[PDB]
Structures are given as structure tokens and as C-alpha cells.
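Here's the structure we're looking at; comments come further down.
Where a number appears in this text, it was derived from the coordinates with a stated rule and is not lab data. Positions of Cβ are generated from backbone atoms using ideal geometry, with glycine treated the same way; all protein chains shown enter the neighbour counts.
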Amino acid sequence: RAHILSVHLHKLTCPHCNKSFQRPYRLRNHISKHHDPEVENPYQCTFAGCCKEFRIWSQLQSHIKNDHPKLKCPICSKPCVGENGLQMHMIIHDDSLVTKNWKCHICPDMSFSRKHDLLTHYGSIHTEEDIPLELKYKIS
Amino acid sequence: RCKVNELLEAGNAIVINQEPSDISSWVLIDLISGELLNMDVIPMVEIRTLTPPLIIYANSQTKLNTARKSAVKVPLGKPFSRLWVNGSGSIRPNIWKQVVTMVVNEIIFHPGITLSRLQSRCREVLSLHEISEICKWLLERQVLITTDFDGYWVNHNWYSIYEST
Amino acid sequence: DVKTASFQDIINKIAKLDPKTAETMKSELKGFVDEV
Ligand SMILES: [Zn+2]
Ligand SMILES: [Zn+2]
Ligand SMILES: [Zn+2]
Ligand SMILES: [Zn+2]
């Protein structure tokens, strides 16, 4: 895989000056300046569904760090991008919309009908230690 | 689409008992048409027995979200040279979002439409060169596939252009 | 209206016609969502 990407598919080289760069990111920045079109805003947001464009690389660095920070779900630690990403993923845990089933983390048999009732099993066969966070998190 | 993807990948099931809106219609038929969703029905027991609530769920560990977006740059040039480029040489985000939506709207119902035929339907707005620019960008974002003999055909997840509303 | 129902009530209704689909669902799904 490395041989193909270093002897035949020269993807890390400039299309114009024939320098090369240690990551595609720096090649992109290089093309955006040293071989740039007459465009006023040489930088464009690299992320999903974002259409914004910028004059100086520092403003793009700021925009990525502000509006596309890479987060982990507070409950399930799965990664997501930006405020919308977190708010979209938080629906999955929501007990008002997602009228989910109720089970033990270990015991195969459980089949509760309400959240308060599920805490009886975790309060007796387990205890207040090693209950799952989605059950515990009365955060709203 | 993002809400549905997260729910189905999380092993949740969606229950429909009333008519989905015109927008939820696109995303539901798309997922159904791809064979990714299983369907089951909650039985009942009048006319209403022939239209019971419907349940939808993901078939297995199979993924619904498309791969991460690449930096497919908007076609730009000298000031005023395109409908979406203003006098300061900048992208008019409103007009770009409108023209990309307009071109996809005509290619959906006309699978295989050629650049010449497509220019005729948009003549009061875009030149042929401007449609060559829009179609190239949409091919690079995988919203379209080139049919044989130089036609355009809309791919799955075509409504996933930009975040808004 | 199924909007008011519990997860156990919904799977019980499915089991009235065919227990195989109901048992399969209980063994796999984590929860219903109303399409709202
Ligand atoms: Zn170069
Ligand atoms: Zn952005
Ligand atoms: Zn989570
Ligand atoms: Zn247990």
C-alpha cells in the first residue's frame, strides 16, 4: 500500500511546482496560495454541509475550531461534529420521544414497563454502582 | 435523514400512523428503495383496518450514513462571470444554493437528461457553461452518476446537499 | 392510539397474529419512536 502511494500514485506532489508535502492537508493549503486563482477567498470550509469561505487560513482554523469542534456524546462517548451533531445524537437517548425498552446490562430475562421499576433490578441484583449512564442520567 | 440514520443505526424502530409530510416522503422512499429498511405492521381488530400503523427498522449492522464530505470547491472566476459570483469576486451563497437545487430538481424526474436538453429548460437563467460547472460539482459530490452516452442520473441520498433550516 | 402504548404493549399486539416476528423484534430492537 505504501509502495503504490510512494512510487506510482504521486498524490502528495504539487500539480504545478512539483514540490511534495507530508500530508494532503498541507498540499491543499499550498495549492490555495502558491498556485491560487484570482479569487478573493482562497479558503473553503472542509466539512459536511458547510458552505462558508474565508480570506486568511487563520479565519478557517477559527471557523473549524468554533463551529465544527469534534465532540464525544456525554452519555455514550461516540464522536460527533459540532453543536448540531450533539443535538441530533441526543435524540437517541431521549426517553420522551424514544419510548425505549427496559433491560438489565447482564441478566438476560428482564422486561420492565417503566423507568422507576427498572431501577429495582439495578437496586437489588446490582447496586447504585455499575448501572448504565443512560438510565442514571436525569440531566434535563 | 440524519435523525433517521442515528435512530436506525442505534437499533430503534420508527412507527408511522399519519401521513408523513412532503419532505419526509423523499427520505423515507429513498431508504425503502435501497433495501436497507425492513418493514413490519402492527395489526388491528371499517375502512381503517386496511391502513394499520407501519413499523420500520434497519436490517442489520449495515451503515446508513454516507462517507465524510471532501473539499469539492465551488466553481468561481472573474467578478460577475457566473450568476452566483458577485462584483467583489465572492460566492452568493443564496444563489448558489438556489441554482444547485434547481438543476437537481430537473434531473430527478428525467433520468438520463443530457446537458443540451437541460439547457433548454433553464434558458431564462443559466448558460450552457454554467450548467457544465453545476453538473461537474454535483458529480464530484456523488449526487449524480453519468449514464452512458453523456446523460445525468440522480444517486441515492440526493437531498443531502447542504445544512440549513 | 399507539402513541400512548408501552414497548411491551406494542410487541404484545404483534404477537397476537405471529409470535415469531414479535420474539425476533424483542430480541433485536432497543425502542420505538413515533414519526411525529
Ligand atoms: Zn506547487
Ligand atoms: Zn464550516
Ligand atoms: Zn450518546
Ligand atoms: Zn440483571
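Taking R0 as 56 Å, what's the FRET efficiency between A:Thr46 and C:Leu17 from their Cβ-Cβ distance, rounded to 0.05?
Computed FRET efficiency for A:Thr46 and C:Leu17 comes out at 0.65.
For chain A, what does -39500 (n - 2.57) per DSSP helix run (n ≥ 4), summed and divided by total residues, give at 222 nm, in deg cm²/dmol to the nearest 500?
-9500 deg cm²/dmol
Are there trypsin sites (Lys or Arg not before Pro) in the range A:80-118 that DSSP marks as loop and that have at most 13 other Cβ atoms within 10 Å, and which are they?
Here the trypsin sites (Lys or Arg not before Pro) that fit, given the DSSP loop and packing criteria, are A:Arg114.
Pull up the cross-link candidates among the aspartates and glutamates for C:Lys13, meaning alpha carbon to alpha carbon under 13 Å and not fewer than 8 places away within one chain.
Within reach: B:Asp40, C:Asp1, C:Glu23.
Could you give me D for the range B:19-162, from Stokes-Einstein at 20 °C and 1.002 mPa s, where the hydrodynamic radius is the Kirkwood radius over C-alpha pairs? Units µm² s⁻¹, please.
119
Inside 10 Å of the C-beta atoms of B:87-94, what's the mean count of C-beta atoms belonging to other chains?
Mean shielding count: 3.
Quick one: which of C:23-29, B:138-144 comes out on top by average Cβ neighbours within 10 Å, and what's the full order, highest first?
B:138-144, C:23-29
Over 21 Å between Cα atoms: which of A:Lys65/A:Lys136; A:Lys136/C:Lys20; B:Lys73/B:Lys97; A:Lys65/B:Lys63; A:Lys138/C:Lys3; B:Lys3/C:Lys30 fall into that group?
A:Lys65/A:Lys136; A:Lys136/C:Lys20; A:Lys65/B:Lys63; A:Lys138/C:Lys3
Starting from 0.36 nm per residue, how many nanometres of slack lie between A:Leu119 and A:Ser62 once their C-alpha separation is accounted for?
16.1 nm
Rounded to whole Hz and in sequence order, give me ³J(HN,Hα) for the range C:11-21 from the Karplus expression 6.51 cos²θ - 1.76 cosθ + 1.60, θ = phi - 60°, writing x for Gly and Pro.
Per-residue couplings from phi come out as 5, 4, 4, 5, 5, 4, 8, 8, x, 4, 6 Hz.
Take peptide A:97-110, look around each residue's Cβ out to 10 angstrom, count Cβ atoms belonging to other protein chains, and average those counts.
4
Could you tell me how far the Cα centroid of the range B:63-113 sits from the Cα centroid of the range A:1-46, in Å?
Each part reduced to its Cα centre gives a spacing of 23 Å.
Rounded to the nearest 10 degrees, what's the angle between the helix A:57-67 long axis and the longest principal axis of chain A, both from Cα atoms, 0 to 90?
10
Per residue of the range B:6-23, in order, report the coupling 6.51 cos²θ - 1.76 cosθ + 1.60 (Karplus, θ = phi - 60°) as ³J(HN,Hα) in whole Hz, putting x for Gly and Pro.
In residue order, the calculated couplings are 4, 4, 5, 5, 6, x, 6, 10, 8, 10, 10, 9, 9, 5, x, 5, 4, 7 Hz.
For peptide B:8-18, what's the mean number of Cβ atoms from other chains within 10 Å of each residue's Cβ?
Going residue by residue through B:8-18 and averaging, the value is 6.
Sort B:81-87, C:2-8 for me by packing, meaning the mean count of neighbouring Cβ atoms within 10 Å per residue, highest on top.
Descending mean neighbour count gives B:81-87, C:2-8.
Would you list, by chain and number, the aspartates and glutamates whose Cα falls below 18 Å from the Cα of A:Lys70, excluding same-chain residues fewer than 8 positions away?
The qualifying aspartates and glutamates are A:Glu83, B:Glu6, B:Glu163.
Distance between Cα centroids, the range A:66-140 to chain C: provide it in whole Å.
The two parts, judged by their Cα centres, are 20 Å apart.
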